[PDB]
Every structure is written in structure tokens, then in C-alpha cells.
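In what follows, a structure is listed as C-alpha cells, so that the remarks can point back to it.
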Amino acid sequence: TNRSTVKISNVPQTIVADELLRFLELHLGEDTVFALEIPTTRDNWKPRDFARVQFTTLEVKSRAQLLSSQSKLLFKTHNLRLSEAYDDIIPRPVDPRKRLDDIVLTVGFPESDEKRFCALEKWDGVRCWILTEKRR
Amino acid sequence: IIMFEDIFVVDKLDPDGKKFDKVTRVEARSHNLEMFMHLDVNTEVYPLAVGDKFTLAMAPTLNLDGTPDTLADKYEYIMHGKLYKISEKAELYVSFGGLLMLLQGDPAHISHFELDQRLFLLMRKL
Amino acid sequence: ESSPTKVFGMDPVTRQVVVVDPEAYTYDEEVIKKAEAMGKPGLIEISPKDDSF
């Protein structure tokens with residue numbers, strides 16, 4: 001429950017990422033899959049037997065786990081088994097509230113003894129992400 | 001007449017397929033006795049999904065009070081085979097006409113089984 | 001449209017498939033294969049009848 005990425009146990013070797021994405025979006029909610037990565041032994045022409053899928057919301061992950069536990073996921077006569085992953089595909093917080101976009105960032109130091117602050121360089125339109133799990 | 005009888009719950013399937021048109025090997029772990037089992041089953045004629053609970057029984061003969069070599073009405077997946085390897089937590093190797101079975105449990109649980117004998121396999125999915 | 005012959009029909013008033021002229025199936029495992037490909041293993045079950053000819 002700490003992360004949102006779910007590792008699929010077995011997938012067909014002949015499928016592509018687009019087909020799996022379409023299947024997941026059909027069974028689950030629309031556009032509820034953020035990242036889908038299929039590891040390849042070779043450079044670009046030999047995918048492995050498993051894949052890792054990142055979901056946008058933990059509710060979608062729980063629903064997918066519930067569906068997998070009931071063996072209701074059947075994609076090309078293969079029963080998809082869902083298991084927890086080790087690391088996230090992309091270090092992105094699950095909570096949309098922590099995601100801050102188009103904000104003003106400035107640096108400085110307490111130059112004066114009173115309640116005064118000095119600005120050296122100011123950046124606009126920066127992205128701020130707060131990762132509670134990674135403590136950064 | 002029944003030697004071994006316990007409730008088994010499946011854990012995973014070797015093919016993990018629904019319409020593979022191939023014999024599927026199941027891995028079921030016993031309740032209480034905690035005995036791991038390997039069994040080849042045909043999903044097309046006898047469907048078995050993950051998480052289902054089924055009972056298992058083994059008897060030397062299907063007749064009542066002897067007559068080796070009427071329990072048919074109770075169970076629904078009767079099989080016939082022989083035990084060829086007993087060496088191991090002792091385990092049994094019974095082949096039902098080429099369908100291998102591996103019942104791995106405890107030495108005390110499996111003690112009344114002889115080598116090179118005919119035994120049946122009674123199953124029911126509740 | 002997956003069936004080689006006209007063995008299944010579509011009913012506009014009910015928006016569901018119907019069976020019309022079941023004697024022209026020709027035992028071509030095409031509709032069953034399409035159903036399996038779509039993801040429904042037990043959608044349509046067709047078996048020959050032993051005592052009817």
C-alpha cells in the first residue's frame with residue numbers, strides 16, 4: 001500500500017504495451033493507468049514474461065487487486081496475477097494535492113536581523129513534488 | 001475404507017490459462033495438516049479456479065467392506081492409479097495413467113501406504 | 001460477421017443476437033474462435049447431436 005506500481009506475473013509474449021493498456025482501461029476506469037513498462041531481455045525485440053504497471057490512484061490499485069484475486073482478468077486466455085513491486089516506475093506522488101505546478105521559486109537567506117528576506121534569483125513556472133515515502 | 005481425507009485449497013496454476021487446451025497442473029495446500037499437493041487436472045471438463053476449496057479422498061477400492069480390485073455417487077472426479085515412488089517430510093508419487101501426482105506432507109500423516117499398489121482418487125469441489 | 005455462413009442473426013428490436021437456420025453452421029470453428037479472441041471463453045457453446053441426423 002506504500003506504492004502504487006503493481007507487477008503483473010505472466011503476460012503473453014506476443015502482446016505490446018498498447019494492447020495491455022487498452023485492456024486495463026477497458027476493465028478498469030478510463031485513462032486510469034499512468035505508466036506501463038514491459039522489460040526486454042534484448043534491446044527492442046524480446047520482451048520478458050512479466051510487466052509492471054503504475055496506477056494513478058490507490059483506489060484503482062485496490063480494485064485491480066480485488067479483480068485479480070477473483071481471477072476476473074482474462075487477457076488472451078491468460079490469467080493476469082497482480083503482485084507488489086519493489087520501486088516505482090516514475091517518482092510521482094499518488095496524492096494530486098501534493099503536486100504543485102506553475103509556482104514561483106526564489107532563493108535567499110535571512111539577510112537582515114529583522115523580519116526581512118533577500119531574493120537573489122527568482123524562477124517562475126516550476127514544478128514541486130512532495131514524496132512522503134521517499135522523505136524528499 | 002478411506003485412508004487419507006482432508007480439505008485442500010488451491011494456490012496457483014501452472015499454465016494460468018482458461019482455454020489452453022492442455023492439461024493443467026494445480027498446487028493446493030492442505031488445511032490443518034498443511035500438506036502440499038501437485039496434481040494434473042483437465043480444466044475444460046472439470047473447471048477449477050484459484051481460491052476454490054475441494055475435498056480429497058483416497059481408498060484402495062470403491063466397494064464397501066472389502067472386495068479390492070459404492071462411493072461413485074458421493075464424489076465426481078474419481079481416478080485410478082498406482083504408487084511407484086515413495087522416497088522423499090515424506091512424499092508420494094502416484095500416476096493416474098500418466099497424470100503425475102505429488103502429495104508432500106508429514107511422515108506421520110502418510111504411513112499406511114505400500115509400494116506398487118492400486119489406489120483411487122476421490123475429489124469433490126464442495 | 002465472423003461466421004462464414006448465415007447461422008446467427010441480429011434482432012434490432014432487442015439489440016441481441018438470435019439463432020436463425022441452425023442447420024447451416026457447417027461445424028466451422030470460427031465464431032467460437034472469435035469469441036475466445038474477444039475474451040469470452042464460454043460465450044457460445046456448440047456441440048453436435050448424436051441421435052439426430
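Each chain in the C-alpha cells gets a letter, A, B and so on, in the order shown; residues start at 1 in every chain, and ligands are counted from 1 in the order they appear.
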
What lies within 9 Å of residue 44 in chain C using only C-alpha atoms, ignoring chain neighbours under 4 positions off, as number ranges by chain? C: 31-32, 35, 40

Could you write out as number ranges by chain the residues of chain B within 6 Å of chain A, counting only C-alpha atoms? B: 16-19

Shell around residue 122 in chain B at 6 Å using only C-alpha atoms, local window under 3 positions removed, as a PyMOL selection string: chain B and resi 56-58+75+78

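For range 6-71 of chain A, backbone-based DSSP labels the following residues as helix (DSSP H, G or I): residues 17, 18, 19, 20, 21, 22, 23, 24, 25, 26, 27, 58, 59, 60, 61, 62, 63, 64, 65, 66, 67, 68 and 69 of chain A.
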
Quick one: everything within 9 Å of residue 77 in chain B, counting only C-alpha atoms, minus sequence neighbours fewer than 3 positions away in the same chain. Send it as a VMD selection string. chain B and resid 46 72 121 to 124

Could you take the residues named above and write them with C-alpha atoms, as a compact mmCIF listing (two decimals), in the first residue's frame?
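Wrote out06.txt, looks like this:
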# COMPACT_ATOMS: atom_id res chain seq x y z
CA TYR B 46 -13.58 -30.08 -14.55
CA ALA B 72 -19.28 -43.09 -7.05
CA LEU B 121 -8.59 -40.57 -6.03
CA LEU B 122 -11.93 -39.19 -4.82
CA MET B 123 -12.49 -35.45 -5.25
CA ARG B 124 -15.38 -33.03 -4.79

Long-range neighbours of residue 62 in chain A as a PyMOL selection string, 10 Å cut-off, only C-alpha atoms, 6 positions minimum in chain: chain A and resi 1+4+55+68

Calculated over only C-alpha atoms, which of the candidates C:52, C:29, C:39, C:47 has the smallest distance to chain B?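 Smallest distance to chain B is found for C:39.
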